[PDB]
Amino acid sequence: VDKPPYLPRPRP
Amino acid sequence: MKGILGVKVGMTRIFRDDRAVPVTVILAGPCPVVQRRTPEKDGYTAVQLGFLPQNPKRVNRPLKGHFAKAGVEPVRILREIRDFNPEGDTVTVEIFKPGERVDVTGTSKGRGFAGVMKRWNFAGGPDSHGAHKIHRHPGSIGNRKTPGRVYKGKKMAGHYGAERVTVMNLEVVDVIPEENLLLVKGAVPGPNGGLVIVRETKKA
Amino acid sequence: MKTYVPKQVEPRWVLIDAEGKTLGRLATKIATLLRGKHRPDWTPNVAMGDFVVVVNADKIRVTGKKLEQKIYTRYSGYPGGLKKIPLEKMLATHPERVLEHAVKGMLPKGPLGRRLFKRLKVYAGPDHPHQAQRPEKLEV
Amino acid sequence: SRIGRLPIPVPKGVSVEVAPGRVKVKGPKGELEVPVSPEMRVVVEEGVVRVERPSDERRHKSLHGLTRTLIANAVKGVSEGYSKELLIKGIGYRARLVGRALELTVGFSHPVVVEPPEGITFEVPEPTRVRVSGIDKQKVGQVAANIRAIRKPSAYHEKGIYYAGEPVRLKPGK
Amino acid sequence: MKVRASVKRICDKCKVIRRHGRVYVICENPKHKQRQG
RNA sequence: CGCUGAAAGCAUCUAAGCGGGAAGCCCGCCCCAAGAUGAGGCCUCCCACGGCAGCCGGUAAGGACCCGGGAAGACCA
RNA sequence: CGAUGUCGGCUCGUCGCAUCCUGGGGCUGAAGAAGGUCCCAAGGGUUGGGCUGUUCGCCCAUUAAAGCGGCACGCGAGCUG
RNA sequence: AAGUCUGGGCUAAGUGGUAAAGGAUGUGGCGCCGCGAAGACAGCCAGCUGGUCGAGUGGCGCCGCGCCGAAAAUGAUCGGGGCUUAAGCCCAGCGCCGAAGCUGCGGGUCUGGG
Ligand SMILES: [Mg+2]
Ligand SMILES: [Mg+2]
Ligand SMILES: [Mg+2]
Ligand SMILES: [Mg+2]
Ligand SMILES: [Mg+2]
Ligand SMILES: [Mg+2]
Ligand SMILES: [Mg+2]
Ligand SMILES: [Mg+2]
Ligand SMILES: [Mg+2]
Ligand SMILES: [Mg+2]
Ligand SMILES: [Mg+2]
Ligand SMILES: [Mg+2]
Ligand SMILES: [Mg+2]
Ligand SMILES: [Mg+2]
Ligand SMILES: [Mg+2]
Ligand SMILES: [Mg+2]
Ligand SMILES: [Mg+2]
Ligand SMILES: [Mg+2]
Ligand SMILES: [Mg+2]
Ligand SMILES: [Mg+2]
Ligand SMILES: [Mg+2]
Ligand SMILES: [Mg+2]
Ligand SMILES: [Mg+2]
Ligand SMILES: [Mg+2]
Ligand SMILES: [Mg+2]
Ligand SMILES: [Mg+2]
Ligand SMILES: [Mg+2]
Ligand SMILES: [Mg+2]
Ligand SMILES: [Mg+2]
Ligand SMILES: [Mg+2]
Ligand SMILES: [Mg+2]
Ligand SMILES: [Mg+2]
Ligand SMILES: [Mg+2]
Ligand SMILES: [Mg+2]
Ligand SMILES: [Mg+2]
Ligand SMILES: [Mg+2]
Ligand SMILES: [Mg+2]
Ligand SMILES: [Mg+2]
Ligand SMILES: [Mg+2]
Ligand SMILES: [Mg+2]
Ligand SMILES: [Mg+2]
Ligand SMILES: [Mg+2]
Ligand SMILES: [Mg+2]
Ligand SMILES: [Mg+2]
Ligand SMILES: [Mg+2]
Ligand SMILES: [Mg+2]
Ligand SMILES: [Mg+2]
Ligand SMILES: [Mg+2]
Ligand SMILES: [Mg+2]
Ligand SMILES: [Mg+2]
Ligand SMILES: [Mg+2]
Ligand SMILES: [Mg+2]
Ligand SMILES: [Mg+2]
Ligand SMILES: [Mg+2]
Ligand SMILES: [Mg+2]
Ligand SMILES: [Mg+2]
Ligand SMILES: [Mg+2]
Ligand SMILES: [Mg+2]
Ligand SMILES: [Mg+2]
Ligand SMILES: [Mg+2]
Ligand SMILES: [Mg+2]
Ligand SMILES: [Mg+2]
Ligand SMILES: [Mg+2]
Ligand SMILES: [Mg+2]
Ligand SMILES: [Mg+2]
Ligand SMILES: [Mg+2]
Ligand SMILES: [Mg+2]
Ligand SMILES: [Mg+2]
Ligand SMILES: [Mg+2]
Ligand SMILES: [Mg+2]
Ligand SMILES: [Mg+2]
Ligand SMILES: [Mg+2]
Ligand SMILES: [Mg+2]
Ligand SMILES: [Mg+2]
Ligand SMILES: [Mg+2]
Ligand SMILES: [Mg+2]
Ligand SMILES: [Mg+2]
Ligand SMILES: [Mg+2]
Ligand SMILES: [Mg+2]
Ligand SMILES: [Mg+2]
Ligand SMILES: [Mg+2]
Ligand SMILES: [Mg+2]
Ligand SMILES: [Mg+2]
Ligand SMILES: [Mg+2]
Ligand SMILES: [Mg+2]
Ligand SMILES: [Mg+2]
Ligand SMILES: [Mg+2]
Ligand SMILES: [Mg+2]
Ligand SMILES: [Mg+2]
Ligand SMILES: [Mg+2]
Ligand SMILES: [Mg+2]
Ligand SMILES: [Mg+2]
Ligand SMILES: [Mg+2]
Ligand SMILES: [Mg+2]
Ligand SMILES: [Mg+2]
Ligand SMILES: [Mg+2]
Ligand SMILES: [Mg+2]
Ligand SMILES: [Mg+2]
Ligand SMILES: [Mg+2]
Ligand SMILES: [Mg+2]
Ligand SMILES: [Mg+2]
Ligand SMILES: [Mg+2]
Ligand SMILES: [Mg+2]
Ligand SMILES: [Mg+2]
Ligand SMILES: [Mg+2]
Ligand SMILES: [Mg+2]
Ligand SMILES: [Mg+2]
Ligand SMILES: [Mg+2]
Ligand SMILES: [Mg+2]
Ligand SMILES: [Mg+2]
Ligand SMILES: [Mg+2]
Ligand SMILES: [Mg+2]
Ligand SMILES: [Mg+2]
Ligand SMILES: [Mg+2]
Ligand SMILES: [Mg+2]
Ligand SMILES: [Mg+2]
Ligand SMILES: [Mg+2]
Ligand SMILES: [Mg+2]
Ligand SMILES: [Mg+2]
Ligand SMILES: [Mg+2]
Ligand SMILES: [Mg+2]
Ligand SMILES: [Mg+2]
Ligand SMILES: [Mg+2]
Ligand SMILES: [Mg+2]
Ligand SMILES: [Mg+2]
Ligand SMILES: [Mg+2]
Ligand SMILES: [Mg+2]
Ligand SMILES: [Mg+2]
Ligand SMILES: [Mg+2]
Ligand SMILES: [Mg+2]
Ligand SMILES: [Mg+2]
Ligand SMILES: [Mg+2]
Ligand SMILES: [Zn+2]
Numbered sequence: 001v002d003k004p005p006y007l008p009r010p011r012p
Numbered sequence: 001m002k003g004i005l006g007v008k009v010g011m012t013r014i015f016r017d018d019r020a021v022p023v024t025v026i027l028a029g030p031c032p033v034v035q036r037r038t039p040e041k042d043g044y045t046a047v048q049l050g051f052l053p054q055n056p057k058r059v060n061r062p063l064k065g066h067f068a069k070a071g072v073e074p075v076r077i078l079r080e081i082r083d084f085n086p087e088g089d090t091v092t093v094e095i096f097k098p099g100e101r102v103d104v105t106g107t108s109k110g111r112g113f114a115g116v117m118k119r120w121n122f123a124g125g126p127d128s129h130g131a132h133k134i135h136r137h138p139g140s141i142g143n144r145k146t147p148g149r150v151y152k153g154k155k156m157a158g159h160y161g162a163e164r165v166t167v168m169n170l171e172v173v174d175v176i177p178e179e180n181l182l183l184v185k186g187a188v189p190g191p192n193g194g195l196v197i198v199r200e201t202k203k204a
Numbered sequence: 001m002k003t004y005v006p007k008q009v010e011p012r013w014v015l016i017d018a019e020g021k022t023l024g025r026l027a028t029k030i031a032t033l034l035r036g037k038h039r040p041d042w043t044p045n046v047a048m049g050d051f052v053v054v055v056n057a058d059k060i061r062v063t064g065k066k067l068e069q070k071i072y073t074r075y076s077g078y079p080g081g082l083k084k085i086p087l088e089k090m091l092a093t094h095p096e097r098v099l100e101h102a103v104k105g106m107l108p109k110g111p112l113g114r115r116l117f118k119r120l121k122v123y124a125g126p127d128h129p130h131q132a133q134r135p136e137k138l139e140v
Numbered sequence: 002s003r004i005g006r007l008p009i010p011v012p013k014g015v016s017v018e019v020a021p022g023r024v025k026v027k028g029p030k031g032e033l034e035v036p037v038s039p040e041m042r043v044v045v046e047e048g049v050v051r052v053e054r055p056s057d058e059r060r061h062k063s064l065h066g067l068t069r070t071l072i073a074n075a076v077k078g079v080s081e082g083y084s085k086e087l088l089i090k091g092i093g094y095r096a097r098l099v100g101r102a103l104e105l106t107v108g109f110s111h112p113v114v115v116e117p118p119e120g121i122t123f124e125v126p127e128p129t130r131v132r133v134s135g136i137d138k139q140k141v142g143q144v145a146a147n148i149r150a151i152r153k154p155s156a157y158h159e160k161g162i163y164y165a166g167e168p169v170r171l172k173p174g175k
Numbered sequence: 001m002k003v004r005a006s007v008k009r010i011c012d013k014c015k016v017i018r019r020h021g022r023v024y025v026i027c028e029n030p031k032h033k034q035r036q037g
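As they're listed, the protein sequences go chains 1z, 1E, 1N, 1H and 19.
The first sequence begins at 1 in the deposited numbering and counts up one residue at a time.
The second sequence begins at 1 in the deposited numbering and counts up one residue at a time.
The third sequence begins at 1 in the deposited numbering and counts up one residue at a time.
The fourth sequence begins at 2 in the deposited numbering and counts up one residue at a time.
The fifth sequence begins at 1 in the deposited numbering and counts up one residue at a time.
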């Protein structure tokens with residue numbers, strides 16, 4: 001279940 | 001089977017054996033038979049009933065013809081009852097006595113474009129805790145790449161009501177033949193003034 | 001010289017008693033008649049085969065346990081909408097559908113194939129309404 | 002070692018008419034038709050019916066014995082007729098006739114009423130013995146079975162509806 | 001009824017019957033009843 | 001779970017045949033539905049117009065436009 | 001890798017059946033009632049709360065029951081964060 | 001597109017058209033023993049021998065083809081229809097269909113020889 005994210009969130 | 005055409009007039013309660021019983025009053029009689037469907041001729045059995053008198057100044061020639069072959073004053077509404085073949089050429093509320101159970105058909109009230117909450121009793125969204133412009137929205141409507149589409153029949157916003165509804169097994173509480181009235185216990189679809197059909201019930 | 005191509009001709013009407021015949025093996029022949037491949041001037045891109053009338057389609061015959069075990073299927077587009085109907089029941093309710101489905105599957109797919117299927121007239125019971133066209137009895 | 006080729010004694014006077022795929026057996030107690038494989042040949046000899054098969058392969062041997070007994074049972078049917086007896090063990094448990102019909106009182110909250118089908122006759126001697134009798138052997142066996150089912154033999158007590166000449170095997174309770 | 005891949009005679013009164021495409025073992029002792037599956 | 005019953009003289013619910021047996025399956029209830037192009041059916045109405053399976057002109061039975069509205073409705077219907 | 005947004009919750013379901021309940025069964029070391037165990041069955045049903053981000057799990061009070069899985073560990077151009 | 005082609009056999013599961021240990025009076029074919037007209041096996045009458053019954057009967061193994069074992073998620077299906085002395089499987093044939101392979105005819109270009 002809890003696995004590390006492979007993408008970050010965002011920006012501009 | 002037996003049935004009659006009628007208009008829903010309104011609701012009340014009466015008292016019976018020290019009980020209040022909610023009733024809908026239906027003006028059912030009187031309904032002239034204006035055609036019979038026969039198996040030799042039509043492939044099935046039924047009676048075309050007429051209901052409510054019409055200004056002949058409004059009835060066109062093809063319709064006038066139809067009435068005439070049956071020798072019937074022009075009537076506003078024409079509707080069939082299936083597998084019903086009355087001895088007489090006029091059907092009145094007297095085909096029902098109190099205690100009988102009936103099925104009533106009407107046109108439900110129309111809510112026009114109905115949201116998913118009113119229509120299908122969806123839960124909608126939260127009203128605080130971050131909810132973003134989704135308070136009455138339906139949520140997910142599917143999965144992902146498998147199946148990658150939305151099912152036929154998915155409950156969704158859209159028009160609601162103004163549709164044929166039949167509620168079943170209503171007690172006939174009284175009948176007042178001198179005034180063509182039927183008293184049915186409980187609730188009947190549609191607005192006051194709406195056309196309804198009262199048939200003998202199919203429940204046992 | 002270029003290959004002969006026929007001008008339009010009068011189509012032949014034709015009668016077949018399905019009684020006691022084996023579903024698939026009859027189906028095969030009806031399709032041929034339908035495509036018109038029995039005709040030396042056969043042309044693949046026009047309808048020039050026969051009209052085929054079949055009677056006694058309820059008395060089609062079938063080998064093995066296909067009465068109980070052959071399943072006809074229909075998908076409605078809705079969730080859970082796959083209906084399954086056994087041969088036995090199809091015969092008990094719409095017996096001409098049995099032979100109709102069979103022939104239809106052995107006709108080409110596409111606009112022409114669909115026209116050809118319309119030229120198939122199948123009937124349960126021994127009578128048919130096309131005495132007007134006076135179809136020619138076929139032994140198949 | 003064989004049933005089909007053993008010949009069928011026919012009492013005087015029952016008649017046996019042969020047709021393709023059936024034989025009809027009339028007698029003092031009525032008629033009965035026996036559907037029979039077209040592969041088998043039934044033979045009407047003096048005072049006797051025989052059945053013959055056309056090969057010695059599996060299906061044919063199997064049909065052979067079957068058909069001989071099938072017809073033997075029909076013969077005995079219209080002559081002597083058939084019957085089965087039911088014993089009714091259990092304290093509250095009793096039976097009686099109501100017209101043609103059978104009324105079982107076997108410990109339910111109600112009594113059960115069995116209607117005799119066509120060709121079947123109910124008889125109650127004691128109120129604890131029932132006789133199902135008819136000319137059709139498999140029909141008599143059926144109805145009898147039917148009656149017994151209304152209250153099968155308990156496993157623990159000598160109680161319920163029994164076949165006459167049915168053993169009373171029981172198992173202990175605590 | 002016991003339902004197993006290996007249906008076998010359990011006592012000398014056991015009998016291996018075959019009905020309706022399935023191998024059964026019927027017997028006087030109700031415990032020995034078997035259906036293959 | 002049976003009845004009758006061979007192969008296999010016995011036995012066997014099975015190989016011929018026949019029973020019983022689920023909230024499940026088919027029908028039954030409610031709703032949609034002939035674009036069901038396989039386009040169904042019945043009742044009634046008009047009618048056989050003028051000019052060179054096509055074109056043009058005026059009508060029939062009917063329909064639409066417009067308007068007063070409507071527990072019908074986003075417009076449309 | 002010139003981007004296939006990643007746990008959990010919410011919302012909305014839909015499917016499988018190795019069936020949690022309800023229906024039908026066989027055996028029981030099945031007296032009755034109540035259980036065990038296997039078979040048939042996917043129609044419907046499958047509660048509210050305390051703790052933790054939790055999935056899970058423990059616990060409280062109930063229940064016929066408080067099923068287990070798939071759908072990109074279903075669902076962020078639906079929401080949360 | 002071309003055989004509902006011919007002849008012999010097997011399979012009854014739609015096996016063919018999705019799998020294993022293992023299980024089984026499925027079916028066909030082989031083979032080997034045991035018992036039996038000095039009366040066997042099965043039933044009906046006893047105590048492993050008697051009595052009528054008058055034929056076979058019981059066990060072991062091998063081969064072909066089938067049966068079970070066989071539960072997973074959107075709607076099914078051997079590609080489909082449909083197929084059962086086959087339109088399935090094994091053995092043996094004759095014929096046809098079938099590619100831009102081969103041939104016929106015509107042409108181009110390069111290379112080699114005239
Ligand atoms: Mg009718
Ligand atoms: Mg009718
Ligand atoms: Mg009808
Ligand atoms: Mg009627
Ligand atoms: Mg609103
Ligand atoms: Mg609302
Ligand atoms: Mg609502
Ligand atoms: Mg609510
Ligand atoms: Mg809510
Ligand atoms: Mg809310
Ligand atoms: Mg909420
Ligand atoms: Mg925000
Ligand atoms: Mg807000
Ligand atoms: Mg898709
Ligand atoms: Mg829809
Ligand atoms: Mg909707
Ligand atoms: Mg509407
Ligand atoms: Mg209705
Ligand atoms: Mg009530
Ligand atoms: Mg009630
Ligand atoms: Mg009163
Ligand atoms: Mg109406
Ligand atoms: Mg055939
Ligand atoms: Mg044929
Ligand atoms: Mg031909
Ligand atoms: Mg046949
Ligand atoms: Mg069959
Ligand atoms: Mg779907
Ligand atoms: Mg459905
Ligand atoms: Mg499914
Ligand atoms: Mg469906
Ligand atoms: Mg047919
Ligand atoms: Mg013989
Ligand atoms: Mg017996
Ligand atoms: Mg019995
Ligand atoms: Mg029974
Ligand atoms: Mg008995
Ligand atoms: Mg004890
Ligand atoms: Mg076991
Ligand atoms: Mg088991
Ligand atoms: Mg074992
Ligand atoms: Mg042993
Ligand atoms: Mg069965
Ligand atoms: Mg036994
Ligand atoms: Mg028996
Ligand atoms: Mg016997
Ligand atoms: Mg016998
Ligand atoms: Mg059978
Ligand atoms: Mg068989
Ligand atoms: Mg049955
Ligand atoms: Mg219920
Ligand atoms: Mg309608
Ligand atoms: Mg239409
Ligand atoms: Mg319609
Ligand atoms: Mg269509
Ligand atoms: Mg048409
Ligand atoms: Mg029409
Ligand atoms: Mg019609
Ligand atoms: Mg009319
Ligand atoms: Mg005119
Ligand atoms: Mg004129
Ligand atoms: Mg003109
Ligand atoms: Mg002119
Ligand atoms: Mg006008
Ligand atoms: Mg409105
Ligand atoms: Mg308006
Ligand atoms: Mg407008
Ligand atoms: Mg990448
Ligand atoms: Mg991008
Ligand atoms: Mg992108
Ligand atoms: Mg929550
Ligand atoms: Mg939430
Ligand atoms: Mg919430
Ligand atoms: Mg799903
Ligand atoms: Mg679910
Ligand atoms: Mg599945
Ligand atoms: Mg399924
Ligand atoms: Mg299961
Ligand atoms: Mg399991
Ligand atoms: Mg388990
Ligand atoms: Mg249960
Ligand atoms: Mg239960
Ligand atoms: Mg149980
Ligand atoms: Mg106990
Ligand atoms: Mg108990
Ligand atoms: Mg106890
Ligand atoms: Mg176990
Ligand atoms: Mg149990
Ligand atoms: Mg368990
Ligand atoms: Mg279920
Ligand atoms: Mg589920
Ligand atoms: Mg909760
Ligand atoms: Mg909770
Ligand atoms: Mg707190
Ligand atoms: Mg919590
Ligand atoms: Mg907390
Ligand atoms: Mg938690
Ligand atoms: Mg934890
Ligand atoms: Mg309980
Ligand atoms: Mg909980
Ligand atoms: Mg789940
Ligand atoms: Mg789920
Ligand atoms: Mg995963
Ligand atoms: Mg999950
Ligand atoms: Mg996810
Ligand atoms: Mg996603
Ligand atoms: Mg987001
Ligand atoms: Mg998220
Ligand atoms: Mg997304
Ligand atoms: Mg997206
Ligand atoms: Mg949303
Ligand atoms: Mg944070
Ligand atoms: Mg051939
Ligand atoms: Mg099978
Ligand atoms: Mg298959
Ligand atoms: Mg298979
Ligand atoms: Mg291995
Ligand atoms: Mg193997
Ligand atoms: Mg063995
Ligand atoms: Mg063998
Ligand atoms: Mg073998
Ligand atoms: Mg002996
Ligand atoms: Mg001795
Ligand atoms: Mg299988
Ligand atoms: Mg299953
Ligand atoms: Mg192919
Ligand atoms: Mg051959
Ligand atoms: Mg070529
Ligand atoms: Mg070349
Ligand atoms: Mg050349
Ligand atoms: Mg070169
Ligand atoms: Mg040179
Ligand atoms: Zn045993």
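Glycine included, C-beta positions come from ideal geometry on N, C-alpha and C.
- Comparing the C-beta of residue 143 (chain 1N) with each C-beta of chain 1E, is any distance below 7 angstroms? Shown here, chain 1N extends from 1 to 140; a query on residue 143 (chain 1N) therefore has no answer.
- What's the C-alpha gap between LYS109 (chain 1E) and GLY193 (chain 1E)? Distance from the CA atom of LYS109 (chain 1E) to the CA atom of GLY193 (chain 1E), rounded to whole angstroms, is 12 angstroms.
- With DSSP run on the structure shown, which of helix, strand or coil describes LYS15 (chain 19)? Here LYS15 (chain 19) carries a strand assignment [DSSP, helix/strand/coil].
- Hey, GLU87 (chain 1E) and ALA46 (chain 1E): beta-carbon distance below 7 angstroms or not? In this structure, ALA46 (chain 1E) does not lie closer than 7 angstroms to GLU87 (chain 1E) by Cβ.
- By how many angstroms is the C-alpha of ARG58 (chain 1E) removed from the C-alpha of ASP127 (chain 1E)? If you draw a straight line from the Cα of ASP127 (chain 1E) to the Cα of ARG58 (chain 1E), it is about 55 angstroms long.
- Task: Report the rounded CA-to-CA distance for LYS70 (chain 1N) versus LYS140 (chain 1H), giving the unit in angstroms.
- Result: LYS70 (chain 1N) and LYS140 (chain 1H) have their C-alpha atoms roughly 34 angstroms apart.
- Query: Got a sec, what are the start and stop residues for the beta strand (DSSP E) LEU107 (chain 1N) sits in?
  - Reply: Where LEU107 (chain 1N) is concerned, there is no enclosing beta strand (DSSP E), given that its DSSP letter is neither H nor E.
- So, do the segment 74 to 90 of chain 1N and the segment 20 to 34 of chain 1H have three or more beta carbon pairs nearer to each other than 8 angstroms? The segment 74 to 90 of chain 1N, when compared against the segment 20 to 34 of chain 1H, does not touch it at the 8 angstroms Cβ threshold.
- Item | Alpha-carbon spacing of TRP42 (chain 1N) relative to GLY36 (chain 1N), whole angstroms | Pairing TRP42 (chain 1N) with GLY36 (chain 1N), the inter-Cα distance amounts to about 6 angstroms.
- Item | Contact residues within the segment 83 to 106 of chain 1N, judged by C-beta distance below 9 angstroms to chain 1E | Contact residues of the segment 83 to 106 of chain 1N toward chain 1E are absent (C-beta to C-beta distance below 9 angstroms).
- Take every Cβ of the segment 28 to 48 of chain 1E, pair it with every Cβ of the segment 127 to 146 of chain 1E, and state whether three or more of those distances are shorter than 8 angstroms. Too few Cβ pairs lie closer than 8 angstroms, so no.
- What residues match up with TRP13 (chain 1N) in a beta bridge as DSSP calls it? Beta bridge pairing from DSSP links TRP13 (chain 1N) with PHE51 (chain 1N).
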